[PDB]
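Taking it in order: structure first as structure tokens, then the write-up.
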Amino acid sequence: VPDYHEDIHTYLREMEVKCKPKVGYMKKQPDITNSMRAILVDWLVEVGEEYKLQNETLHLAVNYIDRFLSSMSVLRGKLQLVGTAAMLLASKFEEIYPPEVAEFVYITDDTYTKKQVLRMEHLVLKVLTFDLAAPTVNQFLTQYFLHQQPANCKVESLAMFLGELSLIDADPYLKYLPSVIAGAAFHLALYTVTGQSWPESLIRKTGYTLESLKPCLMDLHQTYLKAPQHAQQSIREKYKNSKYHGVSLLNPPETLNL
Amino acid sequence: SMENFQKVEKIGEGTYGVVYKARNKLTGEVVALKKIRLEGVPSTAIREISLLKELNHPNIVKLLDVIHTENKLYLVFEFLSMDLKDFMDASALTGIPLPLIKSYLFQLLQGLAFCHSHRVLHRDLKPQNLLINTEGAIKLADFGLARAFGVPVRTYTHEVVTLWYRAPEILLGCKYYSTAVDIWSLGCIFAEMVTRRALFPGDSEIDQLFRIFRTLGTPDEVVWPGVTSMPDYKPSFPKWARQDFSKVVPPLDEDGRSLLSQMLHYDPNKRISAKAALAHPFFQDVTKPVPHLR
Ligand SMILES: NS(=O)(=O)c1ccc(Nc2nc(OCC3CCCCC3)c3nc[nH]c3n2)cc1
């Protein structure tokens, strides 16, 4: 299976640890809170749906946001500017055709100016020291998908839905690395649709077991259950679409048995 | 600021920006400087910087610093003496020694293997993008068209690779392309090192396909499954026969020919990879000769 899968997986595993934000950064943020972050992330899901952006762009943007907030204090009124610069940069990095800066100024509803959005782009770049090739939940899932026997499009869509729900709630998901959030996401999806489990081949590839993923799997199981009641609904809305086989409409299982 | 840097001369323009030869007033260190005029920071610079900070390898050009001032963005690089194309042109009467082609190819593959191992496509491998010192090392440069890929790949920018080195799968508009496009480019450069003329110097996309077809044979479903169903495959393509590789690059070793026929395989999956290529018997006697240049 190419000749770089193992090398890349290994390297991605190394890189998630280095690209990890600080876990208790919100407790150090005087003016912003987990709930406000939830609002920003949810808004970016709207933005990505508006301009038909890749999900990868979304995860990158959230990574950038969290890493920036791990070192720079921000007031509530400016959090959205940070969010907008992140999305822009993520676009320039990941997308074949990113949107103009002009298009980004428009979706903030003329809160911020072009010059403001540009100067923030720099600030982020500088604060992140230009290191933008962060591994994402998404990057691991696509590798994990290769281990489906056989392939099931509903499993993939559900997995990516669940993985995308992890982006909203810093408590708890910030305490988990993407490769683990993806294992939880992949298993939960796989068990819901087909009633199958984390594959032994994925144990061989990743080193992770149901026992090791369980803590995250328990948390993600709760998010999935409370999702229709969640204050932020953009991701759920997105995944009703036929593009994602209406996976958000599916019934979550009530027990995992482990 | 660049108070500490004195521009010596301009040296080129590639993909984006402009590269100057400059000198560190205080340390004495000769450097290369890429200058960027400031629609935000270009997507091409964002990629080149983050990826090149990740890629530290003797055969990949070292990025030393990133400086601002505004409205400019300076990239500071290790300096190198000559690009491959100028060196090939300097060797016009005398030839390039086989042990040096060997060393160079060996080094290039190492550097390509490093890239690919770190989910990175170069996408612009050409002799103007390959730099050499007096000590015998060759390095990959200009990561402007580079991009971090994922497993498995999705569709990327179709524009990529300068014409003469562009892989058939791009030319024929396959929806996915991978590491095999960098091998292709490297294969052409291998031939070009031996013959000192470009392998397939087309002027249009169709020209290129035809030049490739006249050398490697028009491909069919047997040699490359799925080819006649590709977006830019035309049934009206002339059906040329494949010729002996001995006539394509006449001076080459049996093992050279083997290596090359593998780097230029039509099927991207069948095409040998950089990693595997290093084990090829062509390199059994490989050393590190200096280029003897001025
Ligand atoms: N013409 S030449 O053969 O005389 C000669 C060639 C290149 C260099 N030196 C050199 N050049 C770079 O970019 C060159 C750039 C030019 C345009 C095409 C893409 C590459 C570098 N980038 C990091 N380090 C670099 N060092 C010195 C002499």
Side-chain angles (χ1 to χ4, degrees), chain A residues 130, chain B residues 2 5-24 27-37 42 44-67 72-92 94 96 100 104 107-108 111-112 114-115 120-147 159-166 182 185-186 188-189 192-193 196 198 201 290-294:
Chain A
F130 283 83
Chain B
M2 314 299 281
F5 295 96
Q6 167 85 102
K7 277 166 178 78
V8 163
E9 72 192 31
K10 181 168 170 162
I11 39 192
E13 286 180 19
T15 322
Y16 74 99
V18 175
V19 192
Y20 285 73
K21 182 184 174 210
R23 199 190 71 254
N24 183 317
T27 68
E29 171 200 17
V30 172
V31 303
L33 286 184
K34 205 195 272 220
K35 159 209 274 180
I36 299 109
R37 253 168 287 240
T44 52
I46 278 164
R47 295 173 172 180
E48 164 150 44
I49 297 155
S50 60
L51 297 167
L52 223 52
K53 283 184 77 183
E54 282 195 2
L55 300 173
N56 307 20
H57 188 115
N59 293 139
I60 288 167
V61 80
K62 216 164 284 134
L63 174 75
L64 291 158
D65 210 2
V66 169
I67 295 154
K72 312 187 162 75
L73 190 78
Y74 291 100
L75 308 201
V76 188
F77 285 92
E78 57 168 337
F79 178 82
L80 281 105
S81 346
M82 195 176 293
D83 71 83
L84 186 60
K85 178 100 270 289
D86 268 34
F87 174 75
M88 286 193 279
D89 288 352
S91 310
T94 70
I96 307 170
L100 183 58
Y104 279 177
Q107 299 192 55
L108 289 173
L112 214 47
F114 197 86
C115 287
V120 164
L121 292 174
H122 191 279
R123 305 197 304 179
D124 206 12
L125 290 177
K126 70 201 200 162
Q128 294 81 356
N129 286 343
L130 308 178
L131 316 166
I132 61 162
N133 47 51
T134 77
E135 332 297 309
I138 187 167
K139 298 174 198 222
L140 329 205
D142 211 334
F143 283 75
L145 269 214
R147 111 104 86 189
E159 90 203 11
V160 301
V161 197
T162 74
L163 197 46
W164 298 355
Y165 308 93
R166 183 176 306 156
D182 278 339
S185 309
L186 247 195
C188 299
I189 296 150
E192 186 161 350
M193 268 191 293
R196 297 202 307 291
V290 300
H292 297 100
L293 77 186
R294 210 180 218 86

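Throughout, protein chains are lettered first and strands after them, A, B, ... in sequence-line order, and every chain is numbered starting at 1. Each ligand, and each atom within it, is numbered from 1 in the order the structure gives. Below, all heavy atoms of this structure are taken into account, side chains as well, without hydrogens, waters or symmetry copies.
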Would you mind writing out a table of all protein N or O atoms found under 3.5 Å from any N or O atom of ligand 1, naming both atoms and giving the distance to 0.1 Å?
residue	atom	partner	partner atom	Å
ligand 1	1 (N)	B:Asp83	OD2	3.1
ligand 1	3 (O)	B:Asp83	N	3.0
ligand 1	3 (O)	B:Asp83	OD2	2.7
ligand 1	3 (O)	B:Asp86	OD2	3.4
ligand 1	9 (N)	B:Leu80	O	2.9
ligand 1	24 (N)	B:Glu78	O	3.0

- prompt: Do B:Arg147 side-chain atoms and B:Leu121 backbone N/O form a donor-acceptor pair below 3.5 Å?
  reply: no

query: With a 4.5 Å heavy-atom cut-off, do B:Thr162 and B:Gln128 have their side chains touching?
result: no

query: Any donor and acceptor pair, going by atom type alone, linking the side chain of B:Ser81 with main-chain N or O of B:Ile132 inside 3.5 Å?
result: yes

Donor-acceptor under 3.5 Å (B:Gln107 side chain, B:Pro58 main chain): no

Donor-acceptor contact below 3.5 Å, side chain B:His292 vs main chain B:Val290: yes

- prompt: Counting heavy atoms not belonging to B:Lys7, are there more than 12 under 6.0 Å from its NZ?
  reply: yes

